[PDB]
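Alright, two takes on the same chain below, each alone as structure tokens: structure 1 and structure 2.
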Structure 1
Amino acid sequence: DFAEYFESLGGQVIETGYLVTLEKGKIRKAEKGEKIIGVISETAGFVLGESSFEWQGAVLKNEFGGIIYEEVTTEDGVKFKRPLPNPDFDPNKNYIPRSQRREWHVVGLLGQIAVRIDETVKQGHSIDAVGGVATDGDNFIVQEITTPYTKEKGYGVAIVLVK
């Protein structure tokens, strides 16, 4: 799937397959009526927001998150743009990537993503969520149930085409 890095609300840890929603700029399990933005994913071929690499703040950024470049002038003026390092930056601090912190999740936003399902979910049918687990409903299109629902497990797994 195509995915993005998001932060869980309580700094929780939402296991893969649960449908997720936003509350105060963070992700949690999705209940009914609530809008499903995606599914926690381990299958993502393309994911945005993994500063992996350097602290997300190493360079300053404008109001729209874009790297602020200073314009440097030289030999009667060859001009080039170079990034504008943060005042708060610390090379004394040691950086841990987002794919190693626990508050950070890979959330799949588009494509075939495997989802936790209940007994209600059917092939060729849409879905809602309660407890973050899928249940027959209004959204996306269930591709195929891949590991069928059992009461002992509490869940099954279907591929849903999230768009």
Structure 2
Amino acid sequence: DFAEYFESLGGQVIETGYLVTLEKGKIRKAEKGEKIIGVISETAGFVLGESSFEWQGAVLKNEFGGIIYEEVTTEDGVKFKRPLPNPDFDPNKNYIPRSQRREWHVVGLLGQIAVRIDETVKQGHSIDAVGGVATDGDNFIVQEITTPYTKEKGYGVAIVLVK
């Protein structure tokens, strides 16, 4: 599945397999009828946004998140691009990456993804969410139930094609 990093609303960990929505630019478990943006994933073969949309790195970024380049001219007349230094950045500091921060989550946005399900979820039907757990509904397609629901677990697991 194809994924990006998002921060949780309360900074706490949302476990693998929960369906999430956005609230105030941050993720929380989705509730019924809310826009489901994706699922917390451990299988993402492609993850993105590890250094995206943060203006506290080594080089200065523009308002769109792009690196700002200076056009440098040499004495001969050769012109080349050089990134602008960020005054804030400390070359001798060890910054903590998103993968080591509990509030930052890999969210699968597209592809076949494992999802927590209740007892109502059926192969070949869609889903909605209650407390981040799939219930029978109209979003996406359930591919197969790989771990049947158990009363004593409180959930089962299905592969869902998320788009």
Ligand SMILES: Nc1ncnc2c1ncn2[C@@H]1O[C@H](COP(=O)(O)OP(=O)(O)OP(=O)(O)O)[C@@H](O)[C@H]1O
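Numbering for residues begins at 1 and runs along the sequence of structure 1. Think of the rigid core as the biggest set of C-alphas that the two forms share within 1.5 Å after superposition.
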Just one of these is the form solved in complex with adenosine-5'-triphosphate (ATP); is it 1 or 2? 1
CA of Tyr69, rigid core aligned, shift of 2 Å or more between the two structures: no
Once everything's superposed on the core, is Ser52 shifted 2 Å or more at the Cα between the two structures? yes
The CA shift of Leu84 between the two structures, rigid core aligned, in angstrom, is 1.3
Cα displacement of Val13 between the two structures, core-superposed (Å): 0.4
